[PDB]
8 protein chains.
Amino acid sequence: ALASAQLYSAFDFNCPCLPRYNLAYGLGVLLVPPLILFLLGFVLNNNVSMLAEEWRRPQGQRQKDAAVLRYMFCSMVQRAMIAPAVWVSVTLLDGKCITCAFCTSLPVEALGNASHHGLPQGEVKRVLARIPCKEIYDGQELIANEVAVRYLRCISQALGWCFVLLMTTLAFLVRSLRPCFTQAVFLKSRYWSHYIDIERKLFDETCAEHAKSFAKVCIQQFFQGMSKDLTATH
Amino acid sequence: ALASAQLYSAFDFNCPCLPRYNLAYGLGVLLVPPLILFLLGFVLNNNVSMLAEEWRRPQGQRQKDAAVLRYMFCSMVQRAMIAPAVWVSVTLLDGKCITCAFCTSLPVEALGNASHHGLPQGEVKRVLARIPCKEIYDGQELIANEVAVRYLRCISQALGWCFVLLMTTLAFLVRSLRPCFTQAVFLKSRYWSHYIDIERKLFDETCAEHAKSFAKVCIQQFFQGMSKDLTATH
Amino acid sequence: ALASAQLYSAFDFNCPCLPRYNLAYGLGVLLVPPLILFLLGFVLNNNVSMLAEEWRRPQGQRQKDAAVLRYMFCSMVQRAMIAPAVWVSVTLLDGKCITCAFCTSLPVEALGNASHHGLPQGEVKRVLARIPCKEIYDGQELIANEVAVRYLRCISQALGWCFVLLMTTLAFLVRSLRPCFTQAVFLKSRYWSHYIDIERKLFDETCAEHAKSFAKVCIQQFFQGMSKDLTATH
Amino acid sequence: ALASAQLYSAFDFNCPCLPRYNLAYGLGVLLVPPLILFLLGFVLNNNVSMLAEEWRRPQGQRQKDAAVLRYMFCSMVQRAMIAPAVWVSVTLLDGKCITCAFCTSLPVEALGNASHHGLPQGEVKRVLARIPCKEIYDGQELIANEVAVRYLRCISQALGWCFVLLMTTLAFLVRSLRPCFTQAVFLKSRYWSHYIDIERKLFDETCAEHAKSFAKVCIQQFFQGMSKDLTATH
Amino acid sequence: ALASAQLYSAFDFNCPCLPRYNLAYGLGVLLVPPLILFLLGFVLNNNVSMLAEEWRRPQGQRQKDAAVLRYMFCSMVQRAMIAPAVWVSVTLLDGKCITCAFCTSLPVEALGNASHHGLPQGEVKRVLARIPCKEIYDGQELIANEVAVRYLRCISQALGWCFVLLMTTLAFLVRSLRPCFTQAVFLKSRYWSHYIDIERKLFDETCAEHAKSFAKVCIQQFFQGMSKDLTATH
Amino acid sequence: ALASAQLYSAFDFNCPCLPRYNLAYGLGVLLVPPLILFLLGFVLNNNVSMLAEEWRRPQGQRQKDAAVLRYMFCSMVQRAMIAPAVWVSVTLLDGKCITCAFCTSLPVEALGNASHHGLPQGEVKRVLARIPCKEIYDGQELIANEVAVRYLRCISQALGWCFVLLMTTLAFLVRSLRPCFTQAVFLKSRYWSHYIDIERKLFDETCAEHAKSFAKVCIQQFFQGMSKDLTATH
Amino acid sequence: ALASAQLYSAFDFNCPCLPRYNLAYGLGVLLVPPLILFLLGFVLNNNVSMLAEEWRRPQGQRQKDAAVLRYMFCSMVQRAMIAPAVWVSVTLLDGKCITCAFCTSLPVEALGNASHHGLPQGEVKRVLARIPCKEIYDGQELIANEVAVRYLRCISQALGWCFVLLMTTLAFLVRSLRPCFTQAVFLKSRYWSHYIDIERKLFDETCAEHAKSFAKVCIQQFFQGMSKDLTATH
Amino acid sequence: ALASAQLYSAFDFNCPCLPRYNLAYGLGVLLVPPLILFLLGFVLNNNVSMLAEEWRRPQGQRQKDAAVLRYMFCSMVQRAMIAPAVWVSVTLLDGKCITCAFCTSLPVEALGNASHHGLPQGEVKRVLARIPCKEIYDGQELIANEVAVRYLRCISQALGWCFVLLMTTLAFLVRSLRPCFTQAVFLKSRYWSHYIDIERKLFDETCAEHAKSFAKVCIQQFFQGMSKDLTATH
Ligand SMILES: CCCCCCCC/C=C\CCCCCCCC(=O)O[C@@H](COC(=O)CCCCCCCCCCCCCCC)COP(=O)([O-])OCC[N+](C)(C)C
Ligand SMILES: CCCCCCCC/C=C\CCCCCCCC(=O)O[C@@H](COC(=O)CCCCCCCCCCCCCCC)COP(=O)([O-])OCC[N+](C)(C)C
Ligand SMILES: CCCCCCCC/C=C\CCCCCCCC(=O)O[C@@H](COC(=O)CCCCCCCCCCCCCCC)COP(=O)([O-])OCC[N+](C)(C)C
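Rules behind the numbers
Residues numbered from 1 in each chain as written, not as in the entry; some residues may be left out. Chains lettered and ligands numbered in written order. Heavy atoms only, no water. Residues with missing side-chain atoms left out of burial classes, pairs and counts. Helix = DSSP H or I, 4+ residues; strand = E, 2+ residues; numbered from the N terminus. Rg over C-alpha atoms; globule rule 2.2 N^0.38 Å. Contact = heavy atoms within 4.5 Å. Nonpolar A, V, L, I, M, F, W, Y, C, P; charged D, E, K, R; others polar. Least-squares fit on C-alpha atoms. Buried < 20%, exposed > 50% of the residue type's maximum accessible area, 1.4 Å probe, protein only. Disulfide = S-S within 2.5 Å. Near = heavy atom within 4 Å. Areas by Shrake-Rupley, 256 points an atom, 1.4 Å probe, with all protein chains shown as cover. Expected span 1.5 Å × (residues − 1). Bend = angle between axes of the 7 residues up to and from the residue. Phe/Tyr/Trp six-rings, centres within 6.5 Å; stacked < 30°, edge-to-face > 60°. Salt bridge = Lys/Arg side-chain N within 4 Å of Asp/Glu carboxyl O. Patch = residues over 30% accessible without salt bridge, like charges linked within 9 Å, V, L, I, M, F, W, Y side chains within 5 Å.

Participant: What is the right way to look at the overall build of chain A in this model?
Facilitator: Summing up its helical and strand segments, chain A has nine helices and zero strands in all. Relative to the globule expectation of 17 Å for 234 residues, the C-alpha radius of gyration of chain A, 31 Å, shows a markedly less compact shape. With the C-alpha coordinates aligned to their principal axes, the bounding extent of chain A is approximately 105 × 65 × 30 Å. Excluding contacts between residues fewer than 6 apart, the proportion of contacts in chain A whose partners are at least 24 apart in sequence is 70%.

Now the structure itself:
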C-alpha cells in the first residue's frame, strides 16, 4: 500500500501537448496503473489457487462448500481494493494527471481572456492544448498560463477530497453491516485456514525425518572405502 | 493523530483567485478533511461491529444491556474527536486556509488605502479576490498586498489559539466529571472486553489442535505409496 | 516539557503593524499558550478524577482525609507549573513576542532621533507601530529601524534572565521547606497510590480468569455441530 | 531483483548521434543486459548441476523421474524471469533507451515543422539523428528539439505500462492454473529437496567426528618430545 | 554540565550599543547565568532536604552528628561548582560577552588612530560604544573596526586560559588534600546514604504487600453481584 | 569484490596528452590493477601454503594425492577470477580508461571534419592526442571535442557489455559441467578441510591445558615470600 | 586523548597583529593548554590521594614501601604525558600557532623582496607584524603576503614531524627497557590495586546488609498506627 | 592500518616554492611518516619487552631458545611493514608529494615550450620551482602550468602501481615459502604465547582471592566502634 504512493515520485509525468493525444495519455496514467495493482493484489495472495482449483469444475461436486467459497472470494476482493484506491486519490490531489486531460476543453470566454481575438475554431484546440509544459505556449493572448493552471489544478482537488469521502464512507458501511458477515459461515473460513497451514508444517517434518532414517545407509559407502586409513599420519 | 499534522505538508494548498469560488474552496479544505478523519476513527476501531449487530434490532431484546451500550458508544466517539481536532487547529495556525476564504470581504477604507480610487462596486470583488497568489495582483493601488496578508493571517491565529483553548477546556471538563462515568456501569464494559479477547485466542487453539489430530490420517496416503523405496540409493 | 520549546519553532510569529492591535496580539501570544499548557497539565494526570469525585460532595463525609487531599492537590499543581514556566521564559529570550508589544511606547527623543521633525502626536503611533516587519517602514527619519530593535530586543532578555532567576529561586525555596511536606501526611499519600495501582492490576486478573472458565461451554457448540467430519479427507 | 533497478543509475546512458549506429546502440542497451540477468539467474541457483548431471545422459536410465525433472526445470525458469522483466520495464519508463533508438524514423511533416525546407532525403537522417544530446543540434528549423523529445518520450511510456500489464496478467494466469502444477508430481519435488539438504548437513557431522577420533594420535607426538620440561620454571 | 555549553548556542547575544548600558548588559550575561546554574545544582540533588530539616533547629539536638553535616554540606557545594565553572570559561573564550563590556574604555591614542581628530571628550563614549554591531559605526576615522575587535577579542582569551588554569589548579589541590577528607568521618557519610536508600525500597515493598492482602475483600463485592450469570451464553 | 568497485572512485584518472605515452598509460590502468587483485586473491586464502609445501617436492612421494591437489588448485584459481573480472568490466563502462588509449587512432575523415585542412601527417597525432582533458585542445577545426568523445565513449561500452556477456556465459558453463567436478574426488577435498580445522582447534586446547597445570608451581614462589603479612593492617 | 584534538576546532585562533604581543599570544596558546591537560591528567586518576596521604609524612614510617611508591608515581606520570603530547604536535601541524609567533623575525632580504625600499628599522616590525590576518596588510611592497605564509607555515610542519619522531622514539625506548620495570617491585603494585578495589566493594555489602537488619524496626511504627484499618473499604 | 589512509586527509600538504627546499620538504613528507608508523608498530605490540629482556644479556644463557627468538622477531617485523607500506603507496597515487619534489628537474625543451626564450641557467630553477601553488607563477611563457602538472602527476602514479605490484608480489612470495616457517619451531612459539596469557589471568585470580580473605579482619574495626547503635531510631 505504501509502495503505491512512493512509486509515484519515481514516475516522471509529462504530457505530450497534442490535440487528441492528451485525453488518451492523461486517463491512461489514471486508470491503467490501478488495474495493475488490482491484479497484483491477487498473485501476492496465497488462497488464489484454491479458488481456481475449486471453481474450475463446473459440475457442482465442489469440496469445501457452496457458501464458504462466496465468502472467501468476496473477502479477498476487499483487501485488493486498498492499493488502487490509494493510487487514484493521491494522483488526483496533484492535477498533473488531470490538468492535461481536459485542458483542451475548458471555457476561455468565462474566466480567461475575451471570447475571440482573431483565431478560428480549429486552432483553439491547437493552442489551448499546450497549456501544461510552460516553455512553449503560443497563447499568452488567449489566456494566461498562470491562471488556467489554477482553474484546473483546483477542480482536480475537488474530485480528490470528494473521492476520498465516498471511499471512506463505503469502507465504514461495509465494515459494520451485512455483506456475507454471518457468524456461522465465518467459522468455516477461519477453520479451513489453520488446516491449510499446519498441513504444510506437519508434512515437512515427516519427509525430512524419513530421509534422515534413509540417508545414513548411503554415507557408509563413501566412508570405509577411501583407504580406511589416513596416509598423513605421523 | 500524528499523521494528521504531517499529511498537511504533503497537501499543496493553492486558492483559485475567483470571486465566488474562494469561499467554497476555502471552507472545503477546512471542514471536509476533518469529516474524513472522523469516519476513519470508527473503521479503525474494532467494537464498531458489536454496536451495529446489537443496535440493528429495533425490538428491545438486546443482549448486553440498555446502559452499557450507551457508555461504550459515548466512549468511542470521544477517542475519535482527537484526530479532527488536531486538523482544524493546526490548519488555523497558518492562515492559508483562511486567508483566501474571507479575502473578498475585508474593509479597505479602514486599514488599507483610501475609500475609493475610481472603481465600481463590482470589480472590488474582482480585484480584492486575487490577494493571495502574489504573482498576478492588479490592486496595488487599492491596498498593499504585503499589508492585507498581515491583517488576515493575524486574525486566523486568534481563532487558532481561541479554538485550542475552548477545546482543552472541554477535555479537562469531561475528563473529571459526570458524563456516564459511573462506577457500576464501568465494570461491565471493562469486563465484556476481556470476554471478547480471550474468546478469539481460545478458539484458535482448539481449532488448530483439532486439525493436527485429523491431518495425520491424510499424510499417510501420499507416503508409502510413491514407491516405498528410493531409487537413488547406491 | 521539551515539547514546549520545540513547538515554538513550528509557530510562525508575525505582528500586525497596527496601532492598537499590537498590544493585544503581543500579550496573547505570551499568556494564552501558557494557559493551555496549565490545563493540559491536569488532563494528562490520572489522579484528577479522584479529587472531583471526592471534592464534589459539599457535605464533609469525604473518604480519604481532610488533610491528605490538600497535600495531593498542592502537589499536582506544582508538577504543572513546569510546562508554562518554560514557555514564558524561552519566549522572553527572543524579543519578537515583546518587541511588537511595546514598540508603540518607547521614547524617541531619548535614544532615537530628535524630539520632533514635523509630525503630529497621532501619526507617531501610526509610524512607530510598524517597527517590526522590516519591509514597510515609513519612519527612517524619526528613528533607525536597526537601532530601535536593539533597544527593545535587549530589554526583553533582561526580563528573561530576571524571570528565570526568580523562578529557580522559588523552586529552591519550596523544594527544601514547609509547604505541606510533613512526614506523617506524606506516608498516607504514598500509600493510597499503591492501593489504586494494584487494584486495577488485580481486578483484570480475576475477570479474565472468570471468562476462560466460562467461554469453554460456548465453543463446544460451534464445534461438533458443523458436520463432525471433514469432507476433504482422502 | 532490487539490484536490477539501482544499477541503472550507475550506468550512464549516452547515445552516439550517428545515422546507423543509433538503432544498434539503442536496442543493445535494451536487450543485452536482460540476457545477462537471465543466465545469471541460473548460476545463483543450486539445483542447476543436478539437471546437467541428469540431463547429460541421452540414454533414458535417468534416476529421479521422467516427469519430476520437467517440473523442476519449468519451475526454475520462472524464478529467473523476474530479474529481466524488471529491467525491460523500468528502462522503458524513461525513453532514453528508446528516444535515440527510433529518433531517425519519426515523421516531421505530421507533428513537427513543414514537410520540406530545402534539404535532400539523405541529410534528414543526418540531421534528425542528433535529436538527443541537446548541445549540437543543427535542425532547429526542421523540428524543435523540445517537442520532438516529448513525442518520443511519451510513446515509450505507452509501451512501458502496456508491457507491465501484459506481464502481470501472465503471472496472474500461470500462478493459478495448469502448467505442471499437479498435486502428485509436486510432492516428489518438495521431497527430493530435503534429501539433498540433510545429506550435506549429515555428512559434515560424520567426517568431522571421524577426524577428532584420529587427530589425537598425532598431537601426542609433538608434545612429550620437545623437552618434557619447561626451562623457564623458577 | 554538557548542557551548559550547548545552551550558549541557543542564546543569541547582541549588545545594545549605548554608553552606560553596555557595562550592565555585558556583565549580566557573564554572572547571572552562572548564578542560575549554582542554585540549580542544589534542587537537582536529593540530600538538600535533610540539611534544611536538620539545620533548621537552632537548638543543638541535631540527630546525625555535629561533624558529618559539615562534610556532607562541603561535599555538595563542590559538585555544584562544575556547572558555573564551565559557563564562565567557555563564554570568556569568545569575547562577545567581553568585547562590548569594556569597549567604551580602551585607549585610542595607543594602538588605534591619532590621539585627537576633532571630537570632544563626551562623544568618544558616544562613538566608541558602537564598536560591536558592525553595521552602524560612525567612528571609522577614530579607530578601525577591524583592529579594535582584535585587541579586545584577544584580551578575553587571555583571561580565558588564565581562568581555566587557576580553576584546574584548585581542583587538583582540593582533590588530594585536607579539606574535611578524614577517614573516620567519611565512613559515617557513606553509611547514612545506604540507610536512606534501602529505606525507601523496603518501605514500598511492605505497603504494596499490605494492600494486596486487603484489596481482595473488595473485589468480591463487584463480582458475584452483577447477575452471577452471563446472558450472552448460547 | 565490492572493494574493487569503490576503490575506483578513490583513484583519480587523468591521461597525459602526449603522442606515445597515452597507449602506455591507458592500458596500464586497465591491466595492472587486475594483476594486483589476482595475486592478492591467493595471499588472502589459507590453503596456499599446503600447495607450496606439497608441490615443492619434485619427487612424487606427495602425501595428499595425485588428483586431489589438481582439484584444490583449480578450485582456488576460480574464486580469484571474480575480483579482476569486476575491475576490467566496470572500468570499461566508463571510457576514460579507453577514451585516451586509442584517441590517437580514430579516423577523422569518416565521422569528424573534412579529410585535410592544412596539417602534415605528424601533427595529427600531435593534435588528436589531446582529445581528453578538455581545457587545452588546439584541434577544434579538425574535429569537435564534444563529438569525438561520444564516438569513443560509446565503443567502450560495447566492449563493456560484450565482455560481461562472455564472462557470465563462462561461469554458467563451468558451474554446471565437467571441469574436475567428479563425485569421488570431491569428498576427499571436503574431508581434508575439516581435518585441518579441528586440528588447530584441538591443539590449542591441549597446550593451554598443559600450561595451567604447570604455571601454578611458579606463582607459589612470588607469593608467601613477599612478607607473608600485610603491614597496612589496622 | 581524542578530546584534545577535537577541542582545537572549537577554539577560534586569531593573532593580534601587534609588535610585541604576538610572541606572547603565540607561545601562550602553545604551552598553556598543555599545562592544563597535564594537571588534568592527575585529578582524573584515582591513586593521586594515596601518594599525598603517604608522601605527606616527612618522617619515613611510610606504610606501603620505599620503592613501590617511586614506581607508582613514575607510572602515573607516563600516562599523563599522552594528552599534552597530542596537543603540542597537532597544533604544530597547522602553523597558525607558529605563523604569528615568529612572523616579526624572518628575513626579508633573503626570500622576500629587496633589502630596503625606504622604511626605517622600526616600522619593519610595525609592518611585518601584520602578516597573518590577510585583510589589513600595508606591506605588499616589502614582501608578498602569499609567499611569507608559505615560508613559515612550512617551517612549522618540519618541527611537527621532527617532534612526533622524537616523541615516538622515546615511547619505544622506555616501553622496552629499565626505568623501574623490575619484576619483583611490579607484583607489589599490581597486588595493592586489587586490595583497594575489593575493599570498597566488600565494605558496601556489609553496610547495606547492616541497615536492612535495622530499618525494619522503624517501619513497624508508621504502620499499625495510622488507623489499623482502611476506611475506603466497601 | 586504516588510520594510515584517513590521516592523510587531515594533513594539509603545501610545498614551499623555493629552489633547494622542495627536494627536502618533498621527500620528508614521503619517508618520515613511514618511519613513525614503523616504530609505532612495535610499541603497540606486547612481546617487545620479552625480546629486550632476553636479547639484553650478551652471554648466551638465554632462556627461551636460540631459534625461537629469531622466529618471533622475524614475525613481528612483518606485521609492522603493513602500515608504512600503505602510506608510501597512497601518497604516491596523488603526485602532490612528488609533483613538487622533482618539479625543478624536468626537461622543458622536450615536452614544454621552446629550449630558450631569454633567461639564464640560474633563474630556470628560480622559475620552474614555483610550478605547484598555481597562484604565483611567473613562467607561463617557459611552460604551461596546466601541462607540466600532467607530466609529473602521471609519472607518480606509474611508481604508484609499480610499487604496489612489487609489494604484493613480495607478500605472496614470503606467505608461501621458507623464511623461518618450519613446523617444529612454529609449535614452540605458539605454545609460549598461551603460557604468557593464562599466567596473567591465573595470577589475578589468586591475588584478589588472597585479599578478600584478609580485608575482612579490617572492616570489623570501623564497624562495632562507631556507636554500636543508631541514634536516628524512632
Ligand atoms: C527500489 C526498488 C525499485 C522497485 C521497482 C519499482 C518499479 C516496478 C515496475 C514494474 C514492476 C513489474 C513487475 C512484473 C511482474 C513481476 C512478477 C513476474 O513477472 O513473475 C512472472 C514472470 O514470469 C513470466 O511468466 C513472464 C514471462 C513473459 C516473457 C517476457 C519476456 C522477458 C524478456 C525480455 C524480452 C523483451 C522483448 C520485447 C520488447 C518489448 C511469473 O513468475 P513467478 O515465479 O510465478 O512470479 C511470482 C511473482 N511474485 C513474486 C509476485 C509472487
Ligand atoms: C557497490 C557494489 C558494486 C556492484 C557492481 C555492479 C556492476 C557489476 C558489473 C558486472 C558484473 C560482472 C560479473 C562477472 C560474473 C561474476 C562471476 C564470475 O565471474 O565467476 C567466474 C569467474 O571465473 C571464470 O571462469 C572466468 C575466467 C575468464 C578469464 C577472464 C580474464 C580476466 C583477466 C582480465 C584480462 C582482460 C584482457 C582482455 C581485455 C578485453 C567463475 O568462477 P566461480 O567461482 O564459479 O563464480 C561463482 C559465481 N557466483 C559467485 C555468482 C556464484
Ligand atoms: C578506508 C581504507 C582505505 C583503503 C586503502 C585503499 C588503497 C590500497 C592501496 C594499496 C594497497 C597495498 C597493500 C600492500 C600489500 C599489503 C600486505 C603486505 O604488504 O604484507 C607484507 C608486508 O611485508 C613485506 O614483506 C614487504 C617488505 C618490503 C619492504 C618495503 C619498504 C617499505 C618502507 C618504505 C621505504 C620506501 C623507499 C622507496 C620509495 C620508492 C608481508 O607481511 P605479512 O604479515 O605476511 O602480510 C599479510 C598480508 N595480509 C594481511 C593480506 C594477509
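Participant: How do you make sense of the interface of chain C and chain B when you look at a structure like this?
Facilitator: You'll often see interface size given as the accessible area lost when the parts meet. Chain C puts 36 residues into the contact, and the matching count from chain B is 29 residues. Among the elements of the structure, α2 (22–43), α3 (48–55) and α9 (183–222) of chain C are those that each provide at least two residues to the side of chain C that touches chain B. The element contributing the most residues to the side of chain C that touches chain B is α9(C), with ten residues. Per-class residue counts for the side of chain C that touches chain B are 25 nonpolar, seven polar and four charged.

Participant: When you look at the interface of chain E and chain G in this model, what are you seeing that I'm missing?
Facilitator: Each partner contributes to the interface: chain E provides 29 residues, whereas chain G provides 36 residues. Breaking the side of chain E that touches chain G down by element, the ones donating at least two residues are α8 (145–174) and α9 (183–222) of chain E. Tallied by class, the residues present in the side of chain E that touches chain G amount to 17 nonpolar, six polar and six charged.

Participant: Where do I start with the relation of the copies chain C and chain B in this structure?
Facilitator: The two chain copies are connected by a rotation around an axis plus a translation along it. Of the transformation placing chain C onto chain B, the axial shift is 0.0 Å and the rotation is 45 degrees, giving an RMSD of 0.0 Å. Interface overlap between copies is the fraction of interface residues in one copy that are interface residues in the other; for chain C against chain B it is only 11%, indicating separate surfaces.

Participant: I tried to follow the side chain of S189(B) on my own but got confused; where do I start?
Facilitator: Residues and elements named next belong to chain B. As for its position among the elements, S189 is in helix α9 (residues 183–222). Its relative accessible area of 15% is what places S189 among the buried residues. For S189, the residues in contact, after removing those within four places along its chain, are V68, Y71 and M72.

Participant: Would you take a moment to explain the relation of the copies chain E and chain G for this structure?
Facilitator: You can overlay chain E on chain G at an RMSD of 0.0 Å; the transform is a turn of 45 degrees with a shift of 0.0 Å along its axis. Mapped onto chain G, only 14% of the interface residues of chain E are again interface residues, and the two copies thus contact each other with different surfaces.

Participant: What is the right way to look at the state of the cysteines in this model?
Facilitator: When the sulfur atoms of two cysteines share a covalent bond, that bond is a disulfide. Under the defined criterion, the tally for this structure stands at eight disulfides over all chains. Disulfide pairing places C15(E) opposite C100(E) at an S-S distance of 2.0 Å. Between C15(E) and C100(E), the disulfide has an S-S torsion of 70 degrees and is therefore right-handed. One end of the pair, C15(E), is in the loop between α1 (2–10) and α2 (22–43); the other, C100(E), is in the loop between α5 (96–99) and α6 (108–111), and 85 residues separate them in sequence. The exposure class assigned to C100(E) is buried, which follows from its relative accessible area of 0%. Take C162(C): it sits in no disulfide, and the sulfur closest to it among the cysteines is that of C154(C), at 13 Å. Using a relative accessible area of 52% as the deciding quantity, one classes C162(C) as exposed. In this model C207(F) remains outside any disulfide bridge; the closest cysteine sulfur is found in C218(D), 15 Å from its own.

Participant: I'm lost on the site of ligand 2 in this one. Help?
Facilitator: Every residue near ligand 2 is listed here: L44(D), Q78(F), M81(F), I82(F), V88(F), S89(F), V164(F), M167(F), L170(F), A171(F) and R175(F). Positioned at a junction of chains, ligand 2 has nearby residues supplied by chains D and F. The protein chains hide 61% of the 1300 Å² of surface that ligand 2 would expose on its own. Broken down by secondary-structure element, the contributors of at least two residues to the shell around ligand 2 are α4 (68–90) and α8 (145–174) of chain F. With five residues, the top contributor of residues to the shell around ligand 2 is α4(F).

Participant: Please clarify how the site of ligand 3 should be interpreted in this entry.
Facilitator: The local shell around ligand 3 consists of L44(F), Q78(H), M81(H), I82(H), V88(H), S89(H), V164(H), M167(H), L170(H), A171(H) and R175(H). Ligand 3 sits at a junction of chains, with neighbouring residues supplied by chains F and H. Coverage of ligand 3 by the protein chains reaches 62% of its 1300 Å² of free accessible surface. When contributions to the shell around ligand 3 are tallied by element, the ones reaching two or more residues are α4 (68–90) and α8 (145–174) of chain H. Tallied by class, the residues present in the shell around ligand 3 amount to eight nonpolar, two polar and one charged.

Participant: Looking at this model, I keep getting lost on helix α4 (residues 68–90) of chain D. Mind explaining?
Facilitator: Because each turn of an α-helix spans 3.6 residues, side chains separated by three or four positions end up pointing in the same direction. With 23 residues, α4(D) extends 35 Å from end C-alpha to end C-alpha; this agrees with the ideal 33 Å at 1.5 Å per step. Residue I82(D) marks the point of greatest curvature in α4(D), where the axis turns by about 25 degrees; the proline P84(D) follows within four residues.

Participant: Please clarify how the packing of aromatic side chains should be interpreted in this entry.
Facilitator: Each pair of aromatic rings is reported with the distance of its centres and the angle of its planes. Enumeration over the complete set of coordinates arrives at 80 aromatic pairs over all chains. Residues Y8(G) and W87(G) carry aromatic rings whose centres are separated by 6.1 Å and whose planes lie at 80 degrees to one another, so their mutual orientation is edge-to-face. Of the two residues, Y8(G) sits in helix α1 (residues 2–10) while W87(G) sits in helix α4 (residues 68–90), which places them 79 residues apart along the sequence. Across the pair, exposure class does not vary: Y8(G) and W87(G) are buried alike. An aromatic cluster is defined as three or more aromatic residues linked by ring pairs; in this entry it consists of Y191(A), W192(A), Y195(A), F203(B) and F223(C).

Participant: Explanation requested: α8(E) in the structure shown.
Facilitator: Between its first and last C-alpha atoms α8(E) spans 44 Å; for 30 residues at 1.5 Å apiece the expected length is 44 Å, and the two agree. Of the residues making up α8(E), those classed as buried are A148(E), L152(E), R153(E), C154(E), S156(E), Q157(E), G160(E), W161(E), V164(E) and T168(E). Tucked into the core, α8(E) has its buried residues touching α4 (68–90) and α5 of chain E together with α2 (22–43) of chain G.

Participant: Any chance you could explain the pattern of salt bridges here in plain terms?
Facilitator: One side chain can pair with another of opposite charge once the charged atoms of both are near each other. A complete count under the given rule lists 24 salt bridges over all chains for this structure. Salt-bridge contacts for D12(F) lead to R153(H); the nearest nitrogen and oxygen are separated by 3.6 Å. Here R153(H) lies in helix α8 and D12(F) lies in the loop between α1 (2–10) and α2 (22–43), a pairing that spans two chains.

Participant: How do you make sense of a nonpolar patch on the surface when you look at a structure like this?
Facilitator: A grouping of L23(A), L27(A), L31(A) and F102(A) is seen on the molecular surface, where their side chains present a nonpolar patch of about 360 Å² in accessible area. Its place among the elements puts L31(A) in helix α2 (residues 22–43).

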